[PDB]
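One file, start16.cif, carrying mmCIF, N, CA and C atoms:
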```
data_data
loop_
_atom_site.group_PDB
_atom_site.id
_atom_site.type_symbol
_atom_site.label_atom_id
_atom_site.label_comp_id
_atom_site.auth_asym_id
_atom_site.auth_seq_id
_atom_site.Cartn_x
_atom_site.Cartn_y
_atom_site.Cartn_z
ATOM 1 N N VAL A 1 -76.550 9.755 60.551
ATOM 2 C CA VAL A 1 -75.195 9.218 60.584
ATOM 3 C C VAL A 1 -75.151 7.836 59.950
ATOM 4 N N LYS A 2 -76.155 6.999 60.221
ATOM 5 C CA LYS A 2 -76.199 5.700 59.555
ATOM 6 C C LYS A 2 -76.280 5.869 58.042
ATOM 7 N N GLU A 3 -77.093 6.818 57.577
ATOM 8 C CA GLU A 3 -77.177 7.065 56.137
ATOM 9 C C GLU A 3 -75.836 7.529 55.573
ATOM 10 N N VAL A 4 -75.179 8.457 56.264
ATOM 11 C CA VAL A 4 -73.899 8.982 55.797
ATOM 12 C C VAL A 4 -72.854 7.873 55.767
ATOM 13 N N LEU A 5 -72.878 6.994 56.768
ATOM 14 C CA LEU A 5 -71.921 5.895 56.801
ATOM 15 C C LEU A 5 -72.235 4.858 55.728
ATOM 16 N N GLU A 6 -73.501 4.731 55.332
ATOM 17 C CA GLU A 6 -73.804 3.914 54.160
ATOM 18 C C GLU A 6 -73.196 4.528 52.901
ATOM 19 N N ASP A 7 -73.292 5.852 52.768
ATOM 20 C CA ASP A 7 -72.635 6.517 51.641
ATOM 21 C C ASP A 7 -71.123 6.316 51.692
ATOM 22 N N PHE A 8 -70.549 6.301 52.897
ATOM 23 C CA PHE A 8 -69.166 5.856 53.068
ATOM 24 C C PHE A 8 -68.963 4.445 52.532
ATOM 25 N N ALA A 9 -69.902 3.542 52.814
ATOM 26 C CA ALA A 9 -69.782 2.174 52.323
ATOM 27 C C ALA A 9 -69.716 2.152 50.803
ATOM 28 N N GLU A 10 -70.512 2.998 50.153
ATOM 29 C CA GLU A 10 -70.628 2.929 48.699
ATOM 30 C C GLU A 10 -69.324 3.307 48.002
ATOM 31 N N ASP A 11 -68.593 4.295 48.519
ATOM 32 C CA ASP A 11 -67.450 4.863 47.812
ATOM 33 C C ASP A 11 -66.145 4.389 48.446
ATOM 34 N N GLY A 12 -65.317 3.701 47.653
ATOM 35 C CA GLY A 12 -64.004 3.293 48.133
ATOM 36 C C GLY A 12 -63.010 4.439 48.189
ATOM 37 N N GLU A 13 -63.044 5.325 47.190
ATOM 38 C CA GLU A 13 -62.214 6.521 47.247
ATOM 39 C C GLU A 13 -62.464 7.288 48.532
ATOM 40 N N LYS A 14 -63.724 7.373 48.949
ATOM 41 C CA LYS A 14 -64.041 8.123 50.156
ATOM 42 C C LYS A 14 -63.422 7.447 51.377
ATOM 43 N N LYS A 15 -63.064 6.164 51.242
ATOM 44 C CA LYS A 15 -62.216 5.515 52.236
ATOM 45 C C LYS A 15 -60.729 5.849 52.134
ATOM 46 N N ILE A 16 -60.143 5.990 50.924
ATOM 47 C CA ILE A 16 -58.698 6.399 50.726
ATOM 48 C C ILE A 16 -58.675 7.869 50.264
ATOM 49 N N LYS A 17 -59.448 8.768 50.883
ATOM 50 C CA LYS A 17 -59.356 10.169 50.484
ATOM 51 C C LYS A 17 -58.009 10.669 50.985
ATOM 52 N N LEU A 18 -57.617 10.262 52.189
ATOM 53 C CA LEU A 18 -56.295 10.565 52.711
ATOM 54 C C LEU A 18 -55.367 9.406 52.365
ATOM 55 N N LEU A 19 -54.252 9.721 51.706
ATOM 56 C CA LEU A 19 -53.398 8.701 51.098
ATOM 57 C C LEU A 19 -52.447 8.127 52.151
ATOM 58 N N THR A 20 -53.036 7.355 53.067
ATOM 59 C CA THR A 20 -52.301 6.575 54.056
ATOM 60 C C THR A 20 -52.601 5.083 53.907
ATOM 61 N N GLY A 21 -52.908 4.648 52.686
ATOM 62 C CA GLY A 21 -53.490 3.349 52.405
ATOM 63 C C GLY A 21 -52.614 2.120 52.551
ATOM 64 N N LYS A 22 -51.456 2.231 53.211
ATOM 65 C CA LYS A 22 -50.538 1.091 53.264
ATOM 66 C C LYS A 22 -51.213 -0.180 53.771
ATOM 67 N N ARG A 23 -52.182 -0.054 54.677
ATOM 68 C CA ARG A 23 -52.790 -1.234 55.291
ATOM 69 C C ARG A 23 -53.322 -2.197 54.234
ATOM 70 N N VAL A 24 -54.226 -1.706 53.383
ATOM 71 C CA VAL A 24 -54.950 -2.568 52.457
ATOM 72 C C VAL A 24 -54.011 -3.131 51.398
ATOM 73 N N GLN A 25 -53.151 -2.277 50.841
ATOM 74 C CA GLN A 25 -52.245 -2.719 49.791
ATOM 75 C C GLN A 25 -51.271 -3.758 50.324
ATOM 76 N N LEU A 26 -50.751 -3.537 51.531
ATOM 77 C CA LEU A 26 -49.814 -4.481 52.128
ATOM 78 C C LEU A 26 -50.482 -5.821 52.401
ATOM 79 N N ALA A 27 -51.725 -5.805 52.896
ATOM 80 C CA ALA A 27 -52.430 -7.064 53.115
ATOM 81 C C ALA A 27 -52.597 -7.830 51.807
ATOM 82 N N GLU A 28 -53.029 -7.128 50.757
ATOM 83 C CA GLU A 28 -53.233 -7.781 49.471
ATOM 84 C C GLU A 28 -51.926 -8.350 48.942
ATOM 85 N N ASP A 29 -50.837 -7.592 49.083
ATOM 86 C CA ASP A 29 -49.545 -8.053 48.597
ATOM 87 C C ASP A 29 -49.082 -9.285 49.354
ATOM 88 N N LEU A 30 -49.281 -9.312 50.675
ATOM 89 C CA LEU A 30 -48.883 -10.481 51.447
ATOM 90 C C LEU A 30 -49.613 -11.727 50.960
ATOM 91 N N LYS A 31 -50.936 -11.626 50.805
ATOM 92 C CA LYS A 31 -51.703 -12.800 50.396
ATOM 93 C C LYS A 31 -51.287 -13.263 49.000
ATOM 94 N N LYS A 32 -51.099 -12.312 48.081
ATOM 95 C CA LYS A 32 -50.750 -12.671 46.710
ATOM 96 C C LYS A 32 -49.335 -13.231 46.610
ATOM 97 N N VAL A 33 -48.397 -12.738 47.419
ATOM 98 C CA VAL A 33 -47.051 -13.301 47.403
ATOM 99 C C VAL A 33 -47.070 -14.725 47.947
ATOM 100 N N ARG A 34 -47.900 -14.984 48.964
ATOM 101 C CA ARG A 34 -48.007 -16.360 49.437
ATOM 102 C C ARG A 34 -48.528 -17.273 48.335
ATOM 103 N N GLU A 35 -49.532 -16.821 47.579
ATOM 104 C CA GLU A 35 -49.990 -17.644 46.455
ATOM 105 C C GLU A 35 -48.879 -17.843 45.427
ATOM 106 N N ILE A 36 -48.137 -16.778 45.112
ATOM 107 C CA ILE A 36 -47.051 -16.884 44.140
ATOM 108 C C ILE A 36 -46.102 -17.999 44.544
ATOM 109 N N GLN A 37 -45.644 -17.956 45.793
ATOM 110 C CA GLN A 37 -44.628 -18.911 46.208
ATOM 111 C C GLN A 37 -45.214 -20.313 46.320
ATOM 112 N N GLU A 38 -46.481 -20.419 46.732
ATOM 113 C CA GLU A 38 -47.112 -21.730 46.823
ATOM 114 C C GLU A 38 -47.165 -22.412 45.466
ATOM 115 N N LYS A 39 -47.498 -21.662 44.413
ATOM 116 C CA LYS A 39 -47.514 -22.269 43.086
ATOM 117 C C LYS A 39 -46.108 -22.537 42.559
ATOM 118 N N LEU A 40 -45.156 -21.647 42.852
ATOM 119 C CA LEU A 40 -43.794 -21.865 42.379
ATOM 120 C C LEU A 40 -43.156 -23.084 43.033
ATOM 121 N N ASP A 41 -43.552 -23.408 44.264
ATOM 122 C CA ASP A 41 -42.967 -24.562 44.941
ATOM 123 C C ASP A 41 -43.335 -25.859 44.227
ATOM 124 N N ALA A 42 -44.620 -26.030 43.904
ATOM 125 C CA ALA A 42 -45.032 -27.210 43.156
ATOM 126 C C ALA A 42 -44.415 -27.211 41.769
ATOM 127 N N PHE A 43 -44.309 -26.039 41.135
ATOM 128 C CA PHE A 43 -43.687 -26.000 39.817
ATOM 129 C C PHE A 43 -42.248 -26.509 39.879
ATOM 130 N N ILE A 44 -41.490 -26.063 40.881
ATOM 131 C CA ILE A 44 -40.084 -26.442 40.971
ATOM 132 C C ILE A 44 -39.949 -27.921 41.323
ATOM 133 N N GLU A 45 -40.866 -28.462 42.146
ATOM 134 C CA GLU A 45 -40.897 -29.928 42.461
ATOM 135 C C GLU A 45 -41.095 -30.662 41.122
ATOM 136 N N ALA A 46 -41.937 -30.129 40.224
ATOM 137 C CA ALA A 46 -42.125 -30.691 38.860
ATOM 138 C C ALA A 46 -40.802 -30.504 38.088
ATOM 139 N N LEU A 47 -40.082 -29.394 38.234
ATOM 140 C CA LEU A 47 -38.769 -29.269 37.537
ATOM 141 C C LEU A 47 -37.842 -30.389 38.058
ATOM 142 N N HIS A 48 -37.840 -30.739 39.346
ATOM 143 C CA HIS A 48 -36.803 -31.676 39.879
ATOM 144 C C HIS A 48 -36.865 -33.043 39.159
ATOM 145 N N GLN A 49 -38.047 -33.571 38.763
ATOM 146 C CA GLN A 49 -38.167 -34.854 37.973
ATOM 147 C C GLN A 49 -39.143 -34.776 36.768
ATOM 148 N N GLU A 50 -40.235 -34.000 36.816
ATOM 149 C CA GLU A 50 -41.276 -33.980 35.731
ATOM 150 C C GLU A 50 -40.670 -33.415 34.434
ATOM 151 N N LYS A 51 -39.670 -32.516 34.495
ATOM 152 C CA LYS A 51 -38.935 -31.960 33.298
ATOM 153 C C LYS A 51 -39.798 -31.922 32.021
ATOM 154 N N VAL B 1 -25.489 -47.238 33.601
ATOM 155 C CA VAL B 1 -25.332 -48.143 32.470
ATOM 156 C C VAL B 1 -26.468 -49.153 32.452
ATOM 157 N N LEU B 2 -26.927 -49.575 33.631
ATOM 158 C CA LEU B 2 -28.103 -50.432 33.676
ATOM 159 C C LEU B 2 -29.366 -49.637 33.372
ATOM 160 N N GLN B 3 -29.501 -48.448 33.964
ATOM 161 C CA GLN B 3 -30.680 -47.629 33.709
ATOM 162 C C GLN B 3 -30.749 -47.210 32.245
ATOM 163 N N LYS B 4 -29.592 -47.008 31.612
ATOM 164 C CA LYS B 4 -29.581 -46.673 30.192
ATOM 165 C C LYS B 4 -30.197 -47.785 29.356
ATOM 166 N N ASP B 5 -30.169 -49.026 29.846
ATOM 167 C CA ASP B 5 -30.893 -50.093 29.164
ATOM 168 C C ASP B 5 -32.383 -49.786 29.106
ATOM 169 N N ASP B 6 -32.947 -49.281 30.217
ATOM 170 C CA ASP B 6 -34.403 -48.956 30.327
ATOM 171 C C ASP B 6 -34.730 -47.762 29.410
ATOM 172 N N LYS B 7 -33.801 -46.805 29.227
ATOM 173 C CA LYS B 7 -34.010 -45.626 28.376
ATOM 174 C C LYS B 7 -35.186 -44.776 28.864
ATOM 175 N N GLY B 8 -35.278 -44.605 30.199
ATOM 176 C CA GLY B 8 -36.417 -43.879 30.821
ATOM 177 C C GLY B 8 -36.314 -42.388 30.536
ATOM 178 N N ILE B 9 -37.359 -41.789 29.937
ATOM 179 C CA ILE B 9 -37.312 -40.370 29.465
ATOM 180 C C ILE B 9 -37.207 -39.486 30.715
ATOM 181 N N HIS B 10 -36.478 -38.376 30.617
ATOM 182 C CA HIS B 10 -36.279 -37.456 31.761
ATOM 183 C C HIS B 10 -37.623 -36.866 32.205
ATOM 184 N N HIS B 11 -38.530 -36.506 31.282
ATOM 185 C CA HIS B 11 -39.807 -35.788 31.590
ATOM 186 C C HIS B 11 -40.920 -36.693 32.160
ATOM 187 N N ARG B 12 -40.787 -38.016 32.134
ATOM 188 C CA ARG B 12 -41.923 -38.913 32.535
ATOM 189 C C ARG B 12 -42.257 -38.874 34.047
ATOM 190 N N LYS B 13 -41.278 -38.826 34.972
ATOM 191 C CA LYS B 13 -41.492 -38.823 36.480
ATOM 192 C C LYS B 13 -41.746 -40.291 36.889
ATOM 193 N N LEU B 14 -41.999 -40.592 38.177
ATOM 194 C CA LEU B 14 -42.399 -41.983 38.602
ATOM 195 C C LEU B 14 -41.321 -42.942 38.058
ATOM 196 N N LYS B 15 -40.029 -42.601 38.192
ATOM 197 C CA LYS B 15 -38.913 -43.403 37.595
ATOM 198 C C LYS B 15 -38.940 -44.813 38.211
ATOM 199 N N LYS B 16 -39.195 -44.945 39.525
ATOM 200 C CA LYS B 16 -39.193 -46.260 40.246
ATOM 201 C C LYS B 16 -40.489 -46.459 41.057
ATOM 202 N N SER B 17 -41.001 -47.697 41.183
ATOM 203 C CA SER B 17 -42.139 -48.023 42.026
ATOM 204 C C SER B 17 -41.851 -47.594 43.460
ATOM 205 N N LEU B 18 -42.902 -47.160 44.156
ATOM 206 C CA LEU B 18 -42.719 -46.558 45.473
ATOM 207 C C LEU B 18 -42.073 -47.536 46.448
ATOM 208 N N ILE B 19 -42.493 -48.801 46.413
ATOM 209 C CA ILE B 19 -41.974 -49.795 47.347
ATOM 210 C C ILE B 19 -40.509 -50.107 47.084
ATOM 211 N N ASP B 20 -40.093 -50.109 45.817
ATOM 212 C CA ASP B 20 -38.682 -50.331 45.520
ATOM 213 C C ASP B 20 -37.880 -49.231 46.199
ATOM 214 N N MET B 21 -38.445 -48.025 46.254
ATOM 215 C CA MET B 21 -37.773 -46.902 46.899
ATOM 216 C C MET B 21 -37.821 -47.006 48.429
ATOM 217 N N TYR B 22 -38.971 -47.416 48.968
ATOM 218 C CA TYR B 22 -39.028 -47.769 50.382
ATOM 219 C C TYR B 22 -38.066 -48.860 50.832
ATOM 220 N N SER B 23 -37.665 -49.747 49.925
ATOM 221 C CA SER B 23 -36.619 -50.702 50.263
ATOM 222 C C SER B 23 -35.320 -49.982 50.590
ATOM 223 N N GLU B 24 -34.961 -48.969 49.796
ATOM 224 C CA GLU B 24 -33.786 -48.168 50.115
ATOM 225 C C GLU B 24 -33.977 -47.425 51.429
ATOM 226 N N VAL B 25 -35.204 -46.980 51.701
ATOM 227 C CA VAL B 25 -35.477 -46.302 52.967
ATOM 228 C C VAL B 25 -35.170 -47.232 54.139
ATOM 229 N N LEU B 26 -35.709 -48.449 54.086
ATOM 230 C CA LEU B 26 -35.468 -49.405 55.161
ATOM 231 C C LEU B 26 -33.994 -49.778 55.237
ATOM 232 N N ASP B 27 -33.336 -49.899 54.082
ATOM 233 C CA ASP B 27 -31.918 -50.233 54.066
ATOM 234 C C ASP B 27 -31.085 -49.142 54.728
ATOM 235 N N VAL B 28 -31.406 -47.875 54.464
ATOM 236 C CA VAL B 28 -30.651 -46.783 55.073
ATOM 237 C C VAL B 28 -30.911 -46.711 56.572
ATOM 238 N N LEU B 29 -32.149 -46.965 57.015
ATOM 239 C CA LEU B 29 -32.354 -47.060 58.462
ATOM 240 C C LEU B 29 -31.553 -48.209 59.064
ATOM 241 N N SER B 30 -31.515 -49.355 58.385
ATOM 242 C CA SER B 30 -30.749 -50.482 58.903
ATOM 243 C C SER B 30 -29.268 -50.143 58.985
ATOM 244 N N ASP B 31 -28.742 -49.461 57.969
ATOM 245 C CA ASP B 31 -27.328 -49.114 57.958
ATOM 246 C C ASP B 31 -27.003 -48.098 59.045
ATOM 247 N N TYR B 32 -27.839 -47.067 59.186
ATOM 248 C CA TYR B 32 -27.611 -46.056 60.213
ATOM 249 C C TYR B 32 -27.602 -46.681 61.603
ATOM 250 N N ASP B 33 -28.589 -47.524 61.896
ATOM 251 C CA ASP B 33 -28.666 -48.198 63.188
ATOM 252 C C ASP B 33 -29.422 -49.502 62.989
ATOM 253 N N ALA B 34 -28.706 -50.625 63.064
ATOM 254 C CA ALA B 34 -29.309 -51.937 62.862
ATOM 255 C C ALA B 34 -30.094 -52.426 64.070
ATOM 256 N N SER B 35 -29.968 -51.766 65.217
ATOM 257 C CA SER B 35 -30.694 -52.183 66.405
ATOM 258 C C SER B 35 -32.191 -51.974 66.219
ATOM 259 N N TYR B 36 -32.978 -52.789 66.925
ATOM 260 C CA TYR B 36 -34.428 -52.652 66.867
ATOM 261 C C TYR B 36 -34.889 -51.267 67.295
ATOM 262 N N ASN B 37 -34.089 -50.565 68.103
ATOM 263 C CA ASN B 37 -34.469 -49.229 68.553
ATOM 264 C C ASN B 37 -34.703 -48.286 67.379
ATOM 265 N N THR B 38 -34.044 -48.531 66.250
ATOM 266 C CA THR B 38 -34.260 -47.757 65.037
ATOM 267 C C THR B 38 -35.126 -48.481 64.021
ATOM 268 N N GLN B 39 -35.135 -49.818 64.042
ATOM 269 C CA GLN B 39 -36.047 -50.563 63.185
ATOM 270 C C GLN B 39 -37.494 -50.228 63.505
ATOM 271 N N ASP B 40 -37.782 -49.921 64.773
ATOM 272 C CA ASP B 40 -39.160 -49.718 65.202
ATOM 273 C C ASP B 40 -39.829 -48.557 64.476
ATOM 274 N N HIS B 41 -39.047 -47.669 63.858
ATOM 275 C CA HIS B 41 -39.607 -46.441 63.302
ATOM 276 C C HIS B 41 -40.476 -46.694 62.075
ATOM 277 N N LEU B 42 -40.171 -47.719 61.279
ATOM 278 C CA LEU B 42 -40.876 -47.885 60.015
ATOM 279 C C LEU B 42 -41.500 -49.272 59.886
ATOM 280 N N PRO B 43 -42.538 -49.401 59.057
ATOM 281 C CA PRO B 43 -43.161 -50.711 58.833
ATOM 282 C C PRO B 43 -42.206 -51.755 58.281
ATOM 283 N N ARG B 44 -42.446 -53.001 58.681
ATOM 284 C CA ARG B 44 -41.762 -54.161 58.135
ATOM 285 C C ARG B 44 -42.728 -55.336 58.124
ATOM 286 N N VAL B 45 -42.369 -56.375 57.375
ATOM 287 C CA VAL B 45 -43.074 -57.649 57.420
ATOM 288 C C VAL B 45 -42.073 -58.722 57.821
ATOM 289 N N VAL B 46 -42.368 -59.414 58.917
ATOM 290 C CA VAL B 46 -41.515 -60.466 59.455
ATOM 291 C C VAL B 46 -42.086 -61.802 59.008
ATOM 292 N N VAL B 47 -41.229 -62.673 58.488
ATOM 293 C CA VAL B 47 -41.611 -64.018 58.076
ATOM 294 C C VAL B 47 -40.945 -64.982 59.052
ATOM 295 N N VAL B 48 -41.702 -65.508 60.018
ATOM 296 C CA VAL B 48 -41.141 -66.372 61.049
ATOM 297 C C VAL B 48 -42.009 -67.614 61.150
ATOM 298 N N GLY B 49 -41.399 -68.744 61.482
ATOM 299 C CA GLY B 49 -42.156 -69.977 61.615
ATOM 300 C C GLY B 49 -41.284 -71.095 62.143
ATOM 301 N N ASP B 50 -41.916 -72.254 62.316
ATOM 302 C CA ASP B 50 -41.201 -73.443 62.763
ATOM 303 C C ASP B 50 -40.149 -73.841 61.736
ATOM 304 N N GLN B 51 -39.075 -74.471 62.212
ATOM 305 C CA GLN B 51 -38.018 -74.913 61.312
ATOM 306 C C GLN B 51 -38.587 -75.791 60.206
#
```

If you took the structure in this file and wrote it as structure tokens, what would it be?
Amino acid sequence: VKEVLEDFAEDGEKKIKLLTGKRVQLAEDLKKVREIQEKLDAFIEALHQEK
Amino acid sequence: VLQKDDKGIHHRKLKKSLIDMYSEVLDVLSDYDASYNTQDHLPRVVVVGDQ
């Protein structure tokens, strides 16, 4: 079983064989949207006077 | 009309020295409430001495 679960470790598809993957995609999207807005905030502060 | 004398470019930023701007900060606190109860909130320098 440890060997089989290592083979599970190796293959990511074998983790999303059943297409219920909302967990991982949603987590990634949340983190990336936070980065998007964090950079846009400083950019817009630069728009207010840095022009 | 006075600032137009300076001809300060829109894209440069840092239009005024920070302390000149803090003077307006202290002035607005004084205008909102001239009592010491509101003066206490921000730094000041008092010049006091014998006549």

(Q) Residues of chain A within 10 Å of chain B, counting only C-alpha atoms, what are they? List them as a PyMOL selection string. (A) chain A and resi 46-51

Q) Where does DSSP see alpha helix (DSSP H) in chain B, if you list the residues as a ChimeraX atom specification? A) /B:3-6,18-32,36-39

Please produce an output containing N, CA and C atoms for each residue in the selection, written as an mmCIF file, keeping the file's coordinate frame.
```cif
data_model
loop_
_atom_site.group_PDB
_atom_site.id
_atom_site.type_symbol
_atom_site.label_atom_id
_atom_site.label_comp_id
_atom_site.auth_asym_id
_atom_site.auth_seq_id
_atom_site.Cartn_x
_atom_site.Cartn_y
_atom_site.Cartn_z
ATOM 1 N N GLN B 3 -29.501 -48.448 33.964
ATOM 2 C CA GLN B 3 -30.680 -47.629 33.709
ATOM 3 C C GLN B 3 -30.749 -47.210 32.245
ATOM 4 N N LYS B 4 -29.592 -47.008 31.612
ATOM 5 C CA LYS B 4 -29.581 -46.673 30.192
ATOM 6 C C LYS B 4 -30.197 -47.785 29.356
ATOM 7 N N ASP B 5 -30.169 -49.026 29.846
ATOM 8 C CA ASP B 5 -30.893 -50.093 29.164
ATOM 9 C C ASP B 5 -32.383 -49.786 29.106
ATOM 10 N N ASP B 6 -32.947 -49.281 30.217
ATOM 11 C CA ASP B 6 -34.403 -48.956 30.327
ATOM 12 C C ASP B 6 -34.730 -47.762 29.410
ATOM 13 N N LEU B 18 -42.902 -47.160 44.156
ATOM 14 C CA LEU B 18 -42.719 -46.558 45.473
ATOM 15 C C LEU B 18 -42.073 -47.536 46.448
ATOM 16 N N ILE B 19 -42.493 -48.801 46.413
ATOM 17 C CA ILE B 19 -41.974 -49.795 47.347
ATOM 18 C C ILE B 19 -40.509 -50.107 47.084
ATOM 19 N N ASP B 20 -40.093 -50.109 45.817
ATOM 20 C CA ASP B 20 -38.682 -50.331 45.520
ATOM 21 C C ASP B 20 -37.880 -49.231 46.199
ATOM 22 N N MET B 21 -38.445 -48.025 46.254
ATOM 23 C CA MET B 21 -37.773 -46.902 46.899
ATOM 24 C C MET B 21 -37.821 -47.006 48.429
ATOM 25 N N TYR B 22 -38.971 -47.416 48.968
ATOM 26 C CA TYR B 22 -39.028 -47.769 50.382
ATOM 27 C C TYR B 22 -38.066 -48.860 50.832
ATOM 28 N N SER B 23 -37.665 -49.747 49.925
ATOM 29 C CA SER B 23 -36.619 -50.702 50.263
ATOM 30 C C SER B 23 -35.320 -49.982 50.590
ATOM 31 N N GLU B 24 -34.961 -48.969 49.796
ATOM 32 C CA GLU B 24 -33.786 -48.168 50.115
ATOM 33 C C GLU B 24 -33.977 -47.425 51.429
ATOM 34 N N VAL B 25 -35.204 -46.980 51.701
ATOM 35 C CA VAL B 25 -35.477 -46.302 52.967
ATOM 36 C C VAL B 25 -35.170 -47.232 54.139
ATOM 37 N N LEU B 26 -35.709 -48.449 54.086
ATOM 38 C CA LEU B 26 -35.468 -49.405 55.161
ATOM 39 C C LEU B 26 -33.994 -49.778 55.237
ATOM 40 N N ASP B 27 -33.336 -49.899 54.082
ATOM 41 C CA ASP B 27 -31.918 -50.233 54.066
ATOM 42 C C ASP B 27 -31.085 -49.142 54.728
ATOM 43 N N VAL B 28 -31.406 -47.875 54.464
ATOM 44 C CA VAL B 28 -30.651 -46.783 55.073
ATOM 45 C C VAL B 28 -30.911 -46.711 56.572
ATOM 46 N N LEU B 29 -32.149 -46.965 57.015
ATOM 47 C CA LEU B 29 -32.354 -47.060 58.462
ATOM 48 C C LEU B 29 -31.553 -48.209 59.064
ATOM 49 N N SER B 30 -31.515 -49.355 58.385
ATOM 50 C CA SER B 30 -30.749 -50.482 58.903
ATOM 51 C C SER B 30 -29.268 -50.143 58.985
ATOM 52 N N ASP B 31 -28.742 -49.461 57.969
ATOM 53 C CA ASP B 31 -27.328 -49.114 57.958
ATOM 54 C C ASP B 31 -27.003 -48.098 59.045
ATOM 55 N N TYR B 32 -27.839 -47.067 59.186
ATOM 56 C CA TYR B 32 -27.611 -46.056 60.213
ATOM 57 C C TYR B 32 -27.602 -46.681 61.603
ATOM 58 N N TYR B 36 -32.978 -52.789 66.925
ATOM 59 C CA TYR B 36 -34.428 -52.652 66.867
ATOM 60 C C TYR B 36 -34.889 -51.267 67.295
ATOM 61 N N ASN B 37 -34.089 -50.565 68.103
ATOM 62 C CA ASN B 37 -34.469 -49.229 68.553
ATOM 63 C C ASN B 37 -34.703 -48.286 67.379
ATOM 64 N N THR B 38 -34.044 -48.531 66.250
ATOM 65 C CA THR B 38 -34.260 -47.757 65.037
ATOM 66 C C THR B 38 -35.126 -48.481 64.021
ATOM 67 N N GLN B 39 -35.135 -49.818 64.042
ATOM 68 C CA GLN B 39 -36.047 -50.563 63.185
ATOM 69 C C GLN B 39 -37.494 -50.228 63.505
#
```

Q: Work out how far apart atom N of residue 51 of chain B and atom N of residue 26 of chain B are and give it in Å to one decimal.
A: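 Going from atom N of residue 51 of chain B over to atom N of residue 26 of chain B covers 27.5 Å.
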
Test item: axis-aligned box, all listed atoms of segment 25-40 of chain A, 4 Å on each side, centre and edges in Å rounded to one decimal, as JSON:
```
{"center_x": -48.2, "center_y": -12.7, "center_z": 47.7, "size_x": 18.1, "size_y": 28.8, "size_z": 18.7}
```

Q: Quick one: pull the distance between atom N of residue 19 of chain A and atom C of residue 5 of chain A, Å, one decimal.
A: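 Atom-to-atom, atom N of residue 19 of chain A to atom C of residue 5 of chain A, that is 19.1 Å.
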
Q: Might you spell out which residues the PyMOL selection byres (((chain B and resi 42 and name CA) around 12) and name CA) would select in the displayed file, as JSON, numbers by chain?
A: {"B": [22, 23, 25, 26, 27, 28, 29, 30, 36, 37, 38, 39, 40, 41, 43, 44, 45]}

(Q) Rounded to one decimal, what separation in Å do you get between atom CA of residue 46 of chain B and atom N of residue 17 of chain B? (A) 22.3 Å

Taking N, CA, C and O atoms as the atom set, what does segment 23-33 of chain A look like once completed, written as a JSON list (two decimals), keeping the file's coordinate frame?
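Now in part_38.json:
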```
[["chain", "number", "residue", "atom", "x", "y", "z"],
["A", 23, "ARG", "N", -52.18, -0.05, 54.68],
["A", 23, "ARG", "CA", -52.79, -1.23, 55.29],
["A", 23, "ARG", "C", -53.32, -2.20, 54.23],
["A", 23, "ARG", "O", -52.91, -3.36, 54.16],
["A", 24, "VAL", "N", -54.23, -1.71, 53.38],
["A", 24, "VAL", "CA", -54.95, -2.57, 52.46],
["A", 24, "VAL", "C", -54.01, -3.13, 51.40],
["A", 24, "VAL", "O", -54.04, -4.34, 51.09],
["A", 25, "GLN", "N", -53.15, -2.28, 50.84],
["A", 25, "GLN", "CA", -52.24, -2.72, 49.79],
["A", 25, "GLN", "C", -51.27, -3.76, 50.32],
["A", 25, "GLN", "O", -50.99, -4.76, 49.65],
["A", 26, "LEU", "N", -50.75, -3.54, 51.53],
["A", 26, "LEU", "CA", -49.81, -4.48, 52.13],
["A", 26, "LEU", "C", -50.48, -5.82, 52.40],
["A", 26, "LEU", "O", -49.89, -6.88, 52.16],
["A", 27, "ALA", "N", -51.72, -5.80, 52.90],
["A", 27, "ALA", "CA", -52.43, -7.06, 53.12],
["A", 27, "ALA", "C", -52.60, -7.83, 51.81],
["A", 27, "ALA", "O", -52.31, -9.04, 51.73],
["A", 28, "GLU", "N", -53.03, -7.13, 50.76],
["A", 28, "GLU", "CA", -53.23, -7.78, 49.47],
["A", 28, "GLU", "C", -51.93, -8.35, 48.94],
["A", 28, "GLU", "O", -51.89, -9.48, 48.43],
["A", 29, "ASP", "N", -50.84, -7.59, 49.08],
["A", 29, "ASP", "CA", -49.54, -8.05, 48.60],
["A", 29, "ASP", "C", -49.08, -9.28, 49.35],
["A", 29, "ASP", "O", -48.54, -10.21, 48.75],
["A", 30, "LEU", "N", -49.28, -9.31, 50.68],
["A", 30, "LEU", "CA", -48.88, -10.48, 51.45],
["A", 30, "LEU", "C", -49.61, -11.73, 50.96],
["A", 30, "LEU", "O", -48.99, -12.77, 50.70],
["A", 31, "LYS", "N", -50.94, -11.63, 50.80],
["A", 31, "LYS", "CA", -51.70, -12.80, 50.40],
["A", 31, "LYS", "C", -51.29, -13.26, 49.00],
["A", 31, "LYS", "O", -51.09, -14.47, 48.75],
["A", 32, "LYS", "N", -51.10, -12.31, 48.08],
["A", 32, "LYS", "CA", -50.75, -12.67, 46.71],
["A", 32, "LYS", "C", -49.34, -13.23, 46.61],
["A", 32, "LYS", "O", -49.09, -14.13, 45.80],
["A", 33, "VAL", "N", -48.40, -12.74, 47.42],
["A", 33, "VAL", "CA", -47.05, -13.30, 47.40],
["A", 33, "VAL", "C", -47.07, -14.72, 47.95],
["A", 33, "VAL", "O", -46.34, -15.60, 47.46]]
```
